Structure formats: C-alpha cells, structure tokens
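Q: so I've got this experimental structure, pasted below with the sequence.
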Amino acid sequence: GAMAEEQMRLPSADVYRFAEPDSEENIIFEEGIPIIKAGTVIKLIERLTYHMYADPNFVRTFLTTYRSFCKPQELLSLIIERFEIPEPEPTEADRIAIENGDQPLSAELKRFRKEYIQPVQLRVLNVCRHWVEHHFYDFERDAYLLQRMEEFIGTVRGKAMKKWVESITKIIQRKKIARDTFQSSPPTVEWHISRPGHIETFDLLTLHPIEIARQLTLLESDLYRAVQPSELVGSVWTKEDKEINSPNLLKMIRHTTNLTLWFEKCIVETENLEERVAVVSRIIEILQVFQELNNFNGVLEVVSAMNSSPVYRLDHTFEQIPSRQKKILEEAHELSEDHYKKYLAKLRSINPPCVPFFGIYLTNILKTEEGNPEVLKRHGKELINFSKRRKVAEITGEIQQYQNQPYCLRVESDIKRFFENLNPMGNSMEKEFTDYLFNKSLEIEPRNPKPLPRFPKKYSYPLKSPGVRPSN
Ligand SMILES: COc1cc2ncnc(N[C@H](C)c3cccc4ccccc34)c2cc1OC
C-alpha cells in the first residue's frame, strides 16, 4: 500500500542507517513540529537533518548539549554518513537502456533526488554552518576535527550547495583570524590612600571602596560574559577533563572562591577588634556599591564571606557595626531566602547593566543532572534522554540573555591585575586554609566563657572610610 510505498522510496536498512521506520523502540516525542523527548543517537541525527521541515530549535539545543552523549569526532562521522545517501537502483526497463546505450526515464530517481537527497544534504550543511559559527571551540581544541570538516566541505560538488560551502568557508575564515567605546562619559576613577602606580600599597583599606566595587564588577562582568553553554552541560566542569571543557566557567568559580576567601582572610587576620570592625564595615560598603551597580554576583560573594563559619561567629565585631550597615547585610542575605525568590524578582525588575548571581545557575543545573536519568528504557532498549539536555540548555539560555550588558566604567589596569592575581590560599589546599581561617576566628574571639584578649594594631594609616558617594 501507500504506507509501504512511502517507506520503500527511502533507502533500505542494509545500505543506509538513517531511514528505518519510527517506533517506540527508537524515538519518543513529548505530545506543529513535534518535540523530541528521547531516542537513539541515530534517530537524533536523522531528526537533526530532517527532510520535510527545518527545526532550528532542535539544532541549537543539539549542538549546545550533544557532548553529554556523543563525542565531537563521532558527531562529524554521523553527519557525513547522513550526507552520503545511496541512490536506488534503476528499473528493469531503465537498466537495459544502459547496456544498449540510451538515457533512461528515471522518474523515481529524480523525485528521490528532489524531495529527499537534496533536502537532507541541505540540512546537514546548515548543521555544519551552525557548528562552526556558534561552537568553534571544538575545532580549535581538536585540530584533526577541523581538517575533516574542511576536507568534507571541500568535496561537495553541487549547484544548489555552492552558497552553503561559500558561507561555511567564510565563517572558518573569520574564526581562524579571530584567534588573534562608551555611550556616555564614564565617571572618574576614584582613589583613597594608595596613589595611582603605587601597586605595592594596594589593599582592602588603601584602595577606594567605590573603585574596588567598580573594578570587581568589570572583572566579573567579563568573566560572566565569557562562559559558553556547553561548559555547563553534563556536569563537565566536575569531570576529569574540566580544564579544556570548562575554562571560562572554572575561571568564574575560582575568582568567586578567591574573592570570598580573601574577604574572610582580611577580616580574621586583622586581630585588633577596632581595626577588624573597620575592615568589615569597608566590605559592607563594597557590597553597597555592588548593589548600586546591580552586580548581584558581587553582593552574594560578600554575603557568602559574611555568612562563613569564621566570620559569622564574630559577635564582638558585629556589635560595633552600625545598625544601618547591619540592615544592608540583612537585606542582602534576604535575596537568597525562599529559593532566591527576592533575588529573581529583583533581577527581572531592573534595567541593564547587571552581573547575575552565577552560583544559582550551577545549583539548578546540578539538580537537573542528578534529578533526571541519563537514558530512558523502552522494550529493553536504552534511549538517550534529550529532554534532560533541553532543560539544562534552557537554564544556559537564561545565562545568555544577560551576557551583552557592558558597564559605563573605565578600567584601571593595576587595580584589575591586583584582583585577578588574588591568592588568599597561597600554597595551602582549600580545606587547610578554611580550617586555618576558623582557627584564626577562635583566636581573635574565643568561645564563652573564655576572656576576650586585646591585640596590637597592624595598620599605620587612617582607617576612616572615604565613603561611597562618588566625586562631583
Ligand atoms: C538563618 O541564619 C541566618 C540568618 C541571617 N539573616 C540575615 N542575615 C544573615 N546574614 C548577613 C549577611 C550577616 C552576616 C554576618 C553578620 C550579620 C550581622 C547583622 C546582620 C546580618 C549579618 C543571616 C545569616 C544566617 O546564617 C548564616
């Protein structure tokens, strides 16, 4: 019948793997264009380059997430095999015309070429164009992958495929060369005790708190904007090959660790109580400027530092902090309460520019990865859970909508370098250092009923803050 006629027009399974009938044993949809819930790698590839209709949403999500279930080298091989479609044999009337010496009719072959081979091959090139344009990192990481792609794209003889090879060749040309401006007047760079150039005197209390907040916001904005979606998929930042797969993500996390621990270090290594109060007060001022700038990443780094085991227990220090600053810390902490309800409402209400709290995306992605299975079972056969990947991809999409928000703030190279080079842990491991920090906390403020000892001053310069109002 017509169902068999439609199927038998496609190539046979002994010579082509991407043309078997769809069943519950190899592909399932959710509930227009149907959304793919799960399937085999073969069926995913077929639907990635489906002949009847274009599916740009599935292409975007596939190329973002595929590394969680398929290697880059394996993906190339599959789209090559998908491209290399075998043509059906001519009919008996047509076949005899060849050995006689005459041109056949070839109506079934022309229709197959028109409505299958050409459409499928068109979609494969669209995937290649999307791959090189939006995920070039794969090709620069694995040089052999690029040679194969260039070799494949080089050997595509076609009239209708001429524009696609030209466009794909244009992008690799740009990406090869890509290896090697304010709208308003930025405010004047602020200084306090440390002079411009005197980099050896740079410190928490010697730099201006306004400028610490500005330079950290510029730094963190750049780090936030550098993170690519694929770095977050499949928990690849916690796997063995984390440094190659998730370098921008790891830079973000390590900065957060180093800044947070540096705040804690600054506090507990200031053993004199009155000096430690000035240190804590200055960090709260830094948070106030983070809040002015809508650098929520920054705000919650300060909250983390203040809520840490060595700092949160310093009752004698926080007694001397003015109620106004206590309230600022309370309201900052309140952002995180009830699954970040207040934070999320604040982030949606504001206009650009901002730096979103990065930690929440990592938390939610880790929950999705751990909470959903890697594969679904149907009739004994395991199928790749694509909905799991799409949910992770949807979270990385939220990250991307805040990645084009540059600040109207001038960089200070020396202050930038200071914060880029922070190494509060030194040559200690993290657990060792955080044990040291808590042991330091116990020394400076012993647990009751032990007495509170006095300690000498370490700072020879004035501790009064210049405040957080900028000059004008
Ligand atoms: C559920 O337990 C908590 C409730 C909190 N409620 C409000 N704020 C917190 N943290 C802020 C950042 C903060 C830190 C340290 C000293 C502060 C002193 C006065 C005002 C705020 C302080 C909280 C922290 C908690 O555990 C860590």
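A: Great, that's in hand. Numbers count the residues shown, from 1 in each chain.
Q: quick one: name the residues of the stretch 251-400 of the chain near the ligand.
A: Where the stretch 251-400 of the chain comes near the ligand, counting by CB under 6 Å from any ligand atom, the residues are 303, 306, 307, 312, 318, 326, 329, 330, 332, 333. The C-beta positions use only the backbone N, C-alpha and C, and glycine is treated the same way.
Q: buried among those? Need that as a selection in PyMOL.
A: Buried members of these, defined by 16 or more other CB atoms under 10 Å, are picked up in PyMOL with:
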select buried, resi 303+306+318+329+332
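Q: tell me, how many residues neighbour residue 9?
A: 14 (other CB atoms under 10 Å).
Q: ditto for residue 49
A: 23.
Q: now do it against residue 119, distance only.
A: 9 Å (CB to CB, to the nearest Å).
Q: same question for residue 199.
A: On the measure of CB to CB, residue 199 and residue 119 end up 62 Å apart.
Q: now do residue 56
A: 15 Å.
Q: what of residue 11?
A: Taken as CB to CB, the span from residue 11 to residue 119 is 14 Å.
Q: likewise for residue 5?
A: From residue 5 to residue 119 the distance is 19 Å (CB to CB).
Q: could you do residue 236 as well?
A: 34 Å.
Q: SS state for residue 384?
A: strand (DSSP: H, G, I helix; E, B strand; the rest coil).
Q: check contacts around it.
A: 38, 39, 40, 41, 44, 69, 374, 375 (CB atoms under 8 Å, 6 or more residues apart in numbering).
Q: PyMOL command to pick out the buried ones of the residues you listed?
A: The PyMOL command for the buried members of the contacts of residue 384 (criterion: 16+ other CB under 10 Å) is given here:
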select buried, resi 38+39+40+44+69
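Q: tell me the one of the contacts of residue 384 nearest residue 270?
A: residue 374 (48.8 Å; CB to CB).
Q: burial measure for the residue nearest to that closest one when sequence neighbours are not counted, as a count.
A: The shortest distance from residue 374 to any non-neighbouring residue, by CB to CB, 6 or more residues apart in numbering, is to residue 385 (6.2 Å). Residues near residue 385, counting by other CB under 10 Å, number 19.
Q: change the start of the numbering to 41 and stick with it
A: In the new count, where the first residue is 41, that last one comes out as residue 425.
Q: what about residue 425, distance to residue 401?
A: 20 Å.
Q: what sits against the residue of the stretch 41-190 of the chain found nearest the ligand?
A: Nearest residue of the stretch 41-190 of the chain to the ligand (CB to the nearest ligand atom) works out as residue 108 at 34.9 Å. For residue 108, the contact set (CB under 8 Å, 6+ apart) comprises 273, 274, 276, 429.
Q: one more time with 10 Å, if that's ok
A: 270, 273-276, 409, 414, 424-426, 428-429, 432 (CB atoms under 10 Å, 6 or more residues apart in numbering).
Q: cool, and residue 363?
A: residue 370.
Q: where's it relative to residue 325, distance?
A: 15 Å.
Q: now do residue 248
A: Residue 248 is 10 Å from residue 325, by CB to CB.
Q: what residues do the two have in common as contacts?
A: In contact with both residue 248 and residue 325: 505, 506, 507, 508, using CB under 10 Å, 6+ apart.
Q: tally of neighbours for the third one?
A: It refers to residue 507. Under the criterion other CB under 10 Å, the count of neighbours that residue 507 has is 12.
Q: give me the helices and strands touching the longest helix seen in the chain, please.
A: In the chain, with assignment by DSSP state H, the single longest helix is helix 287-308. When contacts are defined as 3 or more CB pairs under 10 Å, 6 or more residues apart in numbering; DSSP states H and E, helix 287-308 packs onto helix 249-266, helix 282-285, helix 313-332, helix 336-347, helix 349-352, helix 399-411, helix 453-460, helix 470-484.
Q: just send those back as JSON lines, with distance to residue 243 too.
A: JSON lines is the format used below for those (distance: least, CB to CB, whole Å):
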{"stretch": "helix 249-266", "distance to residue 243": "10"}
{"stretch": "helix 282-285", "distance to residue 243": "31"}
{"stretch": "helix 313-332", "distance to residue 243": "10"}
{"stretch": "helix 336-347", "distance to residue 243": "16"}
{"stretch": "helix 349-352", "distance to residue 243": "18"}
{"stretch": "helix 399-411", "distance to residue 243": "26"}
{"stretch": "helix 453-460", "distance to residue 243": "9"}
{"stretch": "helix 470-484", "distance to residue 243": "18"}
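Q: so which of the contacts of residue 108 is the closest to residue 450?
A: residue 270 (32.7 Å).
Q: so residue 68, which of the three states?
A: strand.
Q: partner residues bridging it?
A: Beta bridges link residue 68 to residue 78 when assigned by DSSP bridges.
Q: pretty sure it sits against residue 419.
A: No - between residue 68 and residue 419 there is no contact under CB atoms under 10 Å: 11.2 Å.
Q: and the two? Which one has more around it.
A: Using other CB under 10 Å, the more surrounded residue of residue 68 and residue 419 is residue 68, with 19 against 9.
Q: got a list of contacts for stretch 194-208?
A: 123, 158, 161-162, 164-166, 168-173, 189-190, 192-193, 209.
Q: 8 Å instead?
A: 158, 161, 162, 165, 166, 168, 169, 172, 193.
Q: just the buried members of those?
A: Looks like those have 158, 161, 162, 165, 166, 168, 169, 172, 193 buried, using 16+ other CB under 10 Å.
Q: sorry, back to before: list the contacts of the residue nearest to residue 414.
A: Contacts of residue 425 (CB under 8 Å, 6+ apart): 78, 412, 413, 414, 415, 416.
Q: nearest to the ligand: which residue in the stretch 141-290 of the chain?
A: Closest point on the stretch 141-290 of the chain to the ligand, by CB to the nearest ligand atom, is residue 253, at 16.8 Å.
Q: count of residues packed around that residue?
A: 25.
Q: and for the closest residue to it other than its chain neighbours, the neighbour number?
A: Nearest in space to residue 253, with sequence neighbours left out and distances taken as CB to CB, 6+ apart, is residue 329 at 3.4 Å. The number of residues packed near residue 329 is 22, by other CB under 10 Å.
Q: about what we covered before: pull up the gap between the residue of the stretch 141-290 of the chain closest to the ligand and residue 402, please.
A: Taken as CB to CB, the span from residue 253 to residue 402 is 23 Å.
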